[PDB]
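Below, each chain spelled out in residue letters.
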Amino acid sequence: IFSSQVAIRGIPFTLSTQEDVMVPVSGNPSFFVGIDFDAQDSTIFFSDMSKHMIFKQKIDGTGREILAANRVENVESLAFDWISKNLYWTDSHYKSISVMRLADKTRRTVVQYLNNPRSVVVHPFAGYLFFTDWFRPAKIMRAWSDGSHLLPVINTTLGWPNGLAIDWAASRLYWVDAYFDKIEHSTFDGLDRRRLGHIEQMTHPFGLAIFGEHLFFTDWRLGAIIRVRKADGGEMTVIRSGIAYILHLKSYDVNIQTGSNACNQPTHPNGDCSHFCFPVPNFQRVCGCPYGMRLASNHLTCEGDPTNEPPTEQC
Amino acid sequence: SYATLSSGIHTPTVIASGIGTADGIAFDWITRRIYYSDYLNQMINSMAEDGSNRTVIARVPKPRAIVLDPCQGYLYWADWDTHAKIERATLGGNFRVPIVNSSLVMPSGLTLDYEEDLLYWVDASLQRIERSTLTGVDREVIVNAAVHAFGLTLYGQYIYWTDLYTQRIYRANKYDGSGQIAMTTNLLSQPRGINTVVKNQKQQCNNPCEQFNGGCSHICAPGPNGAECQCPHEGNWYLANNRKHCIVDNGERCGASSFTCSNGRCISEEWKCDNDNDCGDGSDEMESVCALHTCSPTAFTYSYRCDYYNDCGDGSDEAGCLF
Ligand SMILES: *[C@@H]1O[C@H](CO)[C@@H](O)[C@H](O)[C@H]1NC(C)=O
Ligand SMILES: *[C@@H]1O[C@H](CO)[C@@H](O)[C@H](O)[C@H]1NC(C)=O
């Protein structure tokens, strides 16, 4: 799946066939930015900066449902935890990361008071949320699913980090820097920082995607979906060319969205948390509540806190 | 010793008779503990209401006068050693800081203006009564002329003291000392110490030591900002947890989430309060240790939750609704 100003389309990974497997999502006007998928529901999530709203749509285009309207100006990424059915987005205008419980559209602002977040990604099994702040001094930061422990795992030699991709097979975070034109990968703790071989003509890469042994990425100046080997690189192959304002390259796979977690327990849905499971490392859960509510004495349930959390007026 | 007032012919109750020369007593109602000073052994000790729990709070070369501020949990005292100091600390003796050390020869009759938070004392050699702030920044001589003023007490707007020379009790205004009159005639002997019997409400302050000895396996002293645990002076002890439980003090106490029990053996803090005896001592799951349910968000009250396992919280122990 690649998102561009004109539309959002899904191309097959095979080079032989070049036919959209999903109904292209287009509108007039449109500035699509940020994409995510849901394999179980065969549904994608996308943000349209032109409409200032986040929508959901099945791959066959059957239903287009609005996900969030209020307090949304510039959503630049979408992270969806398939286990807990929670969608994470970064609103640059509010400089904050918010999570919505898709089961009831319950909304909550987690990581906040940032500078210029650009991307986000949530790892359910590891219970970690990775996001990128390209504001100089640029930094790649990690936090728990609920945003508890914000930790700058990588804060050295970062000019313009744009996209983050999680290699679920090897458990390494691959990111892209547009300032130094480099594709680098480190551990979830940011320990093993290895840079790939120099990409031939990469000037302003923005997107990234890890599939098989290939590492697709998008470059604005080239306007193409260039494929390189995830090992060291090389084998530069232009999957598509001529795309105007190419952007994110969120991938799609059924195998990615599978497995158990802190949530997904038969009689502890979301770990018996009222709204938010928020899986956290070491196979544990932290219950969460919407903006209006708070954790009760027993952390499992959620209770309203009007004294500390007055209702949010629409406008 | 003490004598009960409404007990007819009361015989002095012999307690802590082993001390040698000593002229200092103060009883803290808040904790029902005596603060007898052992000047001969050069140590200020604390004792139980009956004198069972003996603990040496601090050691002073020449301790004579003792003042208690239970609400503030600070122990005020004076040292008769060279360069006499008004040494102040907590009820547990955390910060032994001399409040006033200059212009003091033989301090005596320490008194505390509870209503105004001031320190009053007399000096027989100096023959003057001075007041000071609890910290000691200010210092005003309330009474300039006196003859061997030894005792002292304060109540209302008046300050009362005793003279060894004239053998009588005087009174003066606590603010300035204008009304220096004589409260009694020439007593036959020398009045040593004068105190006020506050039959009315005294300095009441909720005692942190009330709740399970204030989270202390041993003696508890209600100092400032929460209770301050105390340990017997006879044995060598080291406070465990956040300075809470006295241990053998031999060392090798595990830190972090491996808190050491009262025996000295340490077990993981997660292992603590597991409804078992991790240490040779129940301290791992001791009552005080497991006083309240403040379970972490991580743990249900979901690793073994509702999974036919009795290793999780008791609510979800084998209570598997999915089965
Ligand atoms: C980067 O993050 C680590 C972990 O928080 C921290 O120890 C280090 O001081 C940070 N350095 C910079 C460049 O801010
Ligand atoms: C103090 O002495 C009494 C009487 O022997 C005893 O019951 C008590 O446990 C001792 N310690 C404390 C902490 O009160």
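Residues numbered from 1 in each chain as written, not as in the entry; some residues may be left out. Chains lettered and ligands numbered in written order. Part of a larger assembly, values for the part shown. Heavy atoms only, no water. Residues with missing side-chain atoms left out of burial classes, pairs and counts.

## Examining the sheet that holds strand β3 (residues 25-26) of chain A
All names here are of chain A. With antiparallel pairing, the three strands of this open sheet are ordered in space as β1-β2-β3. Strand pairing shows two members of the sheet lacking a second neighbour, β1 (2-3) and β3, which therefore form its edges. Pairing of β1 with strand β2 (residues 7-9) involves two bridges; the strand directions are antiparallel. Residue pairing across strands places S3 opposite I8, the latter belonging to β2. (Pairing = 2+ DSSP bridges. Helix = DSSP H or I, 4+ residues; strand = E, 2+ residues; numbered from the N terminus.)

## Comments concerning the site of ligand 2
Residue and element names in this part refer to chain B. Contacts to ligand 2 come from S52, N53, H218 and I219. One nitrogen or oxygen atom from the side chain of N53 is found 2.4 Å from an oxygen atom belonging to ligand 2. Relative to its unbound accessible area of 350 Å², ligand 2 is 39% covered by the protein chains. Broken down by class, the residue content of the shell around ligand 2 amounts to one nonpolar, three polar and no charged. (Near = heavy atom within 4 Å. Polar contact = N/O pair within 3.5 Å; in protein donor to acceptor, adjacent residues only side chain to side chain. Areas by Shrake-Rupley, 256 points an atom, 1.4 Å probe, with all protein chains shown as cover. Nonpolar A, V, L, I, M, F, W, Y, C, P; charged D, E, K, R; others polar.)

## A short note on the UniProt feature "disulfide bond" in chain B
Residue and element names in this part refer to chain B. A sulfur-sulfur distance of 2.0 Å between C261 and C279 means the disulfide UniProt records for this pair is formed in the structure. Placement of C261 in the segment after β21 (245-247) and of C279 in the segment after β21 is noted, with a sequence separation of 18 residues between them. Each member of the pair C261 and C279 is classed as buried. The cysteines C306 and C321 that UniProt joins by a disulfide are not bonded here; their SG atoms are 4.8 Å apart. Along the chain, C321 turns up in the segment after β21. (Disulfide = S-S within 2.5 Å. UniProt positions renumbered as here; feature names shortened; annotations may be inferred. Buried < 20%, exposed > 50% of the residue type's maximum accessible area, 1.4 Å probe, protein only.)

## Some words on the nonpolar core
Residues and elements named next belong to chain A. Core analysis: the largest hydrophobic core is formed by 18 residues, its most contacted members being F45, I54, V75, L78, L87 and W89. Looking at this core, the elements with two or more residues in it are β7 (64-68), β8 (75-81) and β9 (86-91). Tallying contributions element by element places β8 first for this core, with three residues. Residue contacts for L87: discarding those within four places in its chain leaves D36, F45, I54, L67, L78, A79, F80, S98, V99, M100 and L102. Among the nonpolar cores identified, the runner-up in size contains 17 residues, and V153, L164, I166 and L173 belong to it. (Core = buried A, V, L, I, M, F, W, Y, C linked by side-chain atoms within 4.5 Å. Contact = heavy atoms within 4.5 Å.)

## Brief notes about unusual backbone geometry
All names here are of chain A. Omega for the peptide link from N28 to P29 comes to 0 degrees, which places this bond in the cis form. Within the fold, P29 resides in the loop between β3 and β4 (32-38). Geometrically, the link from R136 to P137 is a cis peptide bond, its omega value of -5 degrees lying close to zero. Locating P137 in the fold gives a position in the loop between β13 (128-133) and β14 (139-144). In this structure, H52 takes a positive phi of about 60 degrees despite not being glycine. Located in the positive-phi region is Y113, a residue other than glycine, with phi close to 50 degrees. Looking at the element boundaries, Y113 is found in the loop between β11 (106-109) and β12 (117-123).

## Notes on the interface of chain B and chain A
Counting residues at the interface gives 13 residues for chain B and ten residues for chain A. Its residues assigned to classes, the side of chain B that touches chain A comprises eight nonpolar, four polar and one charged.

## Overview of the site of ligand 1
All names here are of chain A. Near ligand 1, the surroundings consist of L151, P152 and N155. Within the contact set of ligand 1, an oxygen atom lies 3.0 Å away from a backbone nitrogen or oxygen of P152. When isolated, ligand 1 has an accessible area of 360 Å², and the protein chains bury 35% of it.

## So, the pattern of salt bridges
A pair can form between side chains of opposite charge whenever their charged atoms are brought close. With the rule as written, the count across this model stands at 22 salt bridges over all chains. Put simply, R142 of chain A and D189 of chain A hold a salt bridge, and the shortest N to O gap is 3.2 Å. Here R142 of chain A is found in strand β14, whereas its partner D189 of chain A is found in the loop between β18 (182-187) and β19 (194-195), with 47 residues between them in sequence. According to the relative accessible area criterion, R142 of chain A is buried, its value standing at 9%. The salt bridge partner of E130 of chain B is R139 of chain B, with a shortest N-O separation of 2.7 Å. Of the residues examined, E130 of chain B reaches a relative accessible area of 3% and is grouped as buried. With a relative accessible area of 29%, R139 of chain B lands in the partly exposed category. (Salt bridge = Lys/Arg side-chain N within 4 Å of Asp/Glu carboxyl O.)

## A few points about the environment of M293 of chain A
Residues and elements named next belong to chain A. Mapped onto the fold, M293 is located in strand β26 (residues 293-295). A C-alpha to C-alpha distance of 35 Å links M293 and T187, two positions 106 residues apart in sequence. Apart from the residues lying within four places of it in its own chain, the contact partners of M293 are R108, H275, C302, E303, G304, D305 and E309.

## So, the packing of aromatic side chains
The way to describe two aromatic rings as a pair is by their centre distance and the angle between their planes. A complete count under the given rule lists 18 aromatic pairs over all chains for this structure. An angle of 65 degrees between the planes, with centres 5.8 Å apart, marks the rings of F32 of chain A and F46 of chain A as edge-to-face. Of this pair, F32 of chain A sits in strand β4 while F46 of chain A sits in strand β5 (residues 43-48); the two residues are 14 residues apart in sequence, bridging distant segments of the chain. For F32 of chain A, a relative accessible area of 0% translates into the label buried. Centre to centre, the rings of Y304 of chain B and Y309 of chain B are 6.0 Å apart; their planes meet at 80 degrees, and the pair counts as edge-to-face. Judged by its relative accessible area of 38%, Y304 of chain B falls in the partly exposed class. With relative accessibility at 43%, the residue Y309 of chain B sits in the partly exposed group. Among the aromatic residues, those joined into a cluster by ring pairs are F13, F211 and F216 of chain A. Lying across the ring of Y74 of chain B, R88 of chain B places its NZ or CZ 4.3 Å from the centre. Here the guanidinium or amino end of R171 of chain B rests over the ring plane of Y158 of chain B, the centre of that ring lying 4.0 Å away. (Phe/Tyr/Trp six-rings, centres within 6.5 Å; stacked < 30°, edge-to-face > 60°. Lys NZ or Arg CZ within 6 Å of the ring centre and 35° of its normal.)

## With respect to the state of the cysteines
All names here are of chain A. Inspection of every chain in the model, using the stated rule, returns ten disulfides over all chains. Residue pairing for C263: its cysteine sulfur links by disulfide to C277, the two sulfurs lying 2.0 Å apart. One quick way to see it: the torsion about the S-S bond of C263 and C277 is about -85 degrees, and its sign makes the bridge left-handed. Highlighted residues: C263 in the loop between β23 (237-241) and β24 (279-280) and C277 in the loop between β23 and β24, separated in sequence by 14 residues. According to the relative accessible area criterion, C263 is buried, its value standing at 0%.

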